[PDB]
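Residue numbers 4 to 139, 141 to 311, 316 to 475, in the deposited numbering, belong to the letters of the sequence shown in order.
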Amino acid sequence: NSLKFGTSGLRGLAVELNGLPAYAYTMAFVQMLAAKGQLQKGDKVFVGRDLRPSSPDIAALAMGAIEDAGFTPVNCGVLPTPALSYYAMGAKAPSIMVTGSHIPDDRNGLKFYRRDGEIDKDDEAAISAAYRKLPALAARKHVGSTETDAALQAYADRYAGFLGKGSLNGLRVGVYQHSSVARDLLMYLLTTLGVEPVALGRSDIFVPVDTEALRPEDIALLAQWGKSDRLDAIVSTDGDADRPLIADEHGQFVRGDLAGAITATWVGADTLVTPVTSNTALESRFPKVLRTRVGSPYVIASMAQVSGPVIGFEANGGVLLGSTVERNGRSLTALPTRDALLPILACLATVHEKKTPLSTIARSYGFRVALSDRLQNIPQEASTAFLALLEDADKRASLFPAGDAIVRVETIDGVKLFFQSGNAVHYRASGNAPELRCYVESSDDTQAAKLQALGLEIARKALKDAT
Ligand SMILES: O=C[C@H](O)[C@@H](O)[C@H](O)[C@H](O)COP(=O)(O)O
Ligand SMILES: [Mg+2]
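The following block contains the structure:
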């Protein structure tokens with residue numbers, strides 16, 4: 004009942020997914036591929052997972068369905084979503100990642116990959132249609149495929165071999181581990197690159213990290229760790245490690261779209277593709293920016309139409329490298345799905361090459377002061393109603409303070425309100441969980457904080473009133 008596609012992935016409550024649904028959705032997927040002639044009897048399907056409590060069970064159900072359908076499940080254990088996809092795509096095989104990514108800890112999901120990339124919105128519909136048509141099925145777990153570290157090792161080597169052993173010697177970097185599937189990978193990879201890494205804040209409890217809505221606790225932790233004069237940066241990822249979480253030499257967060265810009269510069273990108281929620285200062289630096297709806301499938305579909317490299321990224325910080333990049337005789341092949349290691353390493357490499365701290369690098373882009381947050385536990389019907397309210401000219405004027413007039417409204421993806429002052433407030437329903445997003449831009453830190461608070465209070469009040 005909670006289980007549906009949305010922005011990307013099939014997601015919903017862990018207690019619903021952990022059972023027949025995970026098995027049946029996996030069956031729908033593989034049978035969808037086989038029907039289309041793309042999967043033949045005995046072909047490999049790679050499965051990976053994150054560190055959510057339900058993830059081992061859900062992976063085992065997925066692997067059961069793969070095998071019952073007549074295909075070969077390959078257990079890749081615990082690893083980043085981009086590691087699984089990089090490896091499976093290199094093997095020309097589909098894959099399934101078990102993760103809820105950023106979503107709350109009572110939820111989980113499945114992220115589906117074809118042999119050549121993320122599933123698209125047509126695929127999502129064909130899976131849902133196939134799922135609907137399945138019989139009333142004998143769900144079965146597969147614990148029997150021994151874990152292979154091949155995918156994690158290949159992924160590590162992608163970066164080690166591209167930058168080269170010892171190429172970042174001199175850096176000292178904190179690794180905020182929490183429950184990131186890359187918590188250990190980052191330690192050994194950084195060490196191989198000549199960085200001195202320091203483990204910080206490992207958690208035996210799953211921590212849902214949303215890089216577009218950091219917990220005040222994580223912000224305070226990054227500041228506290230990063231206030232040491234001993235660290236050049238703190239690096240991390242979210243749960244399934246498709247998004248970076250990067251802080252500078254003072255422990256201040258570098259917003260994901262700025263890490264994305266730093267990465268675009270580093271790889272010498274010709275065209276950038278990013279959603280509408282990315283910082284509006286991007287176009288000031290980069291002359292070819294294609295703006296999209298929010299979500300990886302939208303970014304990928306625009307990247308695919310583009311003929316240096318094509319780079320995609322979102323304000324969540326995930327980077328989608330669209331073209332092979334060359335450097336000092338070494339290649340980094342295209343990986344058109346969100347990655348955290350690329351932006352992390354691009355940021356560290358920039359610091360290393362320019363002998364300049366990350367805060368100065370970040371400031372050099374002159375980004376508008378942006379903030380983002382979300383309200384949790386907001387049903388789809390309630391966020392749909394609120395967003396409709398904002399389409400009424402009278403209602404908009406009623407909800408916002410009179411002194412700053414709304415001069416433009418866009419409904420490309422949610423509702424974005426542009427003000428005469430230059431302020432902007434953007435609301436979106438999350439497609440991945442019952443949450444309402446509020447993103448703002450303003451002219452300085454004080455005004456931005458006030459604007460973020462106002463935007464969230466306006467939504468809170470209107471949501472309570474409509475109830
Ligand atoms: O979130 C995960 C999405 O699939 C990702 O591609 C998207 O850009 C944002 O991280 C937020 O999307 P929502 O705001 O819809 O949750
Ligand atoms: Mg994620």
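Every residue gets a Cβ at the ideal spot worked out from N, C-alpha and C, and that includes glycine.
Check your understanding: For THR195, does the count of other Cβ atoms within 10 angstroms reach 16, so buried, or fall short, so exposed?
Key -> exposed
Practice item. Would you check if the distance between the CB atom of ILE304 and the CB atom of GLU121 is smaller than 8 Å? Key: yes
Review point. Is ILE209 near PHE257, with beta carbons less than 8 Å apart?
Key: no
Check your understanding: Is it the case that the CB of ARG247 approaches a heavy atom of ligand 2 more closely than 7 Å?
Key -> yes
Check your understanding: If you count every other CB in all the chains shown that lies within 10 Å of the CB of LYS424, and 16 or more means buried, which is it?
Key -> buried
Exercise for review: Give the DSSP-derived three-state secondary structure of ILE386 in the structure shown.
Suggested key: coil
Practice item. Look at the alpha carbon of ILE106 and the alpha carbon of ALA86, and state the distance between them as a whole number of angstroms. Key: 20 Å
Exercise for review: Spell out a yes or no on whether the stretch 24-36 and the stretch 69-78 are touching, meaning 3 or more CB-CB pairs, one atom from each, closer than 8 Å.
Suggested key: yes
Practice item. Report all residues from its chain with a CB closer than 6 Å to the CB of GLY73; omit the five preceding and five following residues, and keep chain order. Key: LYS44
Review point. In the stretch 52-77, which residue ranges form an unbroken alpha helix (DSSP H) of at least 4 residues, counting only runs that do not cross its ends?
Key: 58-71
Exercise for review: Look at the Cβ atom of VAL50, then the Cβ atom of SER98, and state whether they are nearer than 8 Å.
Suggested key: Contact: yes.
Review point. Is it the case that the Cβ atoms of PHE427 and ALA413 are separated by a distance below 8 Å?
Key: Their beta carbons are under 8 Å apart, which means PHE427 touches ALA413 by this criterion.
Check your understanding: The alpha helix (DSSP H) spanning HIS360 covers which residue range?
Key -> 349-362
Point to revise | Coarse secondary structure for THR215, derived from DSSP in three states | key: coil
Check your understanding: How many Å lie between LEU189 and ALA160 at the Cα?
Key -> 7 Å
Check your understanding: Counting Cβ pairs closer than 8 Å, one from the stretch 316-323 and one from the stretch 361-373, do we hit at least three?
Key -> The stretch 316-323 and the stretch 361-373 do not touch, with fewer than 3 CB-CB distances between them shorter than 8 Å.
Point to revise | Terminal residues of the beta strand (DSSP E) in which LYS114 lies | key: For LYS114, the uninterrupted beta strand (DSSP E) run begins and ends at 110-117, by DSSP.
**Study point:** Member of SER184, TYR134, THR10 whose CA lies at the smallest distance from the CA of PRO248
**Key:** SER184
Exercise for review: Return the CA-CA distance between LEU379 and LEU235, expressed in angstroms with no decimal places.
Suggested key: 25 Å
Check your understanding: Between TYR26 and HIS146, what straight-line distance do the alpha-carbon atoms span, to the nearest angstrom?
Key -> 11 Å
Review point. Fully enclosed by the stretch 244-276, which beta strand (DSSP E) runs are 3 residues long or longer?
Key: 248-251
**Study point:** Three-way DSSP call (helix, strand, coil) for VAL202 in this model
**Key:** strand
Practice item. Could you tell me if the beta carbon of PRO212 falls within a distance shorter than 7 Å of some heavy atom in ligand 1? Key: no
Point to revise | Which residues DSSP lists as bridging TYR180, in chain order | key: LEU204
Exercise for review: May I ask you to check if the CB of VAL327 is nearer than 7 Å to at least one heavy atom of ligand 1?
Suggested key: no
Practice item. Compute the beta-carbon to beta-carbon distance between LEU36 and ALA143, rounded to the nearest angstrom, for a pair I have assumed lies under 8 Å. Key: Their Cβ separation, rounded to whole angstroms, is 20 Å, which puts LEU36 and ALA143 out of contact at 8 Å.
**Study point:** Start-to-end residues for the beta strand (DSSP E) that takes in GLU443
**Key:** Here the beta strand (DSSP E) through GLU443 covers 443-450.
Check your understanding: Is it right to say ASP402 is buried, meaning 16 or more other beta carbons lie within 10 angstroms of its own, or is it exposed?
Key -> exposed
**Study point:** Whole-angstrom distance between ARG371 and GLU449, CA atom to CA atom
**Key:** Rounded to whole angstroms, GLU449 to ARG371 spans 16 Å at the Cα level.
**Study point:** Cross-strand partners of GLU121 (DSSP beta bridge)
**Key:** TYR116
Point to revise | For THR475 and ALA437, believed in contact at Cβ under 8 Å, the rounded distance | key: Actually they do not touch by this definition, with Cβ atoms about 16 Å apart.
Exercise for review: Kindly list the residues whose CB is nearer than 8 Å to the CB of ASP109, restricted to its own chain and excluding five residues on each side of it in sequence; keep chain order.
Suggested key: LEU16, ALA17, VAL18
Practice item. Determine, using beta carbons only, whether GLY103 and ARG206 come nearer to each other than 8 Å. Key: no
Review point. CA-CA distance, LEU328 and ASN4?
Key: 32 Å
**Study point:** Counted within 10 angstroms of its Cβ, other Cβ atoms place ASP53 as buried (16 or more) or exposed
**Key:** Label assigned to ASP53: buried.
Review point. For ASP381, which of helix, strand or coil comes out of DSSP?
Key: Residue state for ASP381 is assigned as strand, using DSSP reduced to three classes.
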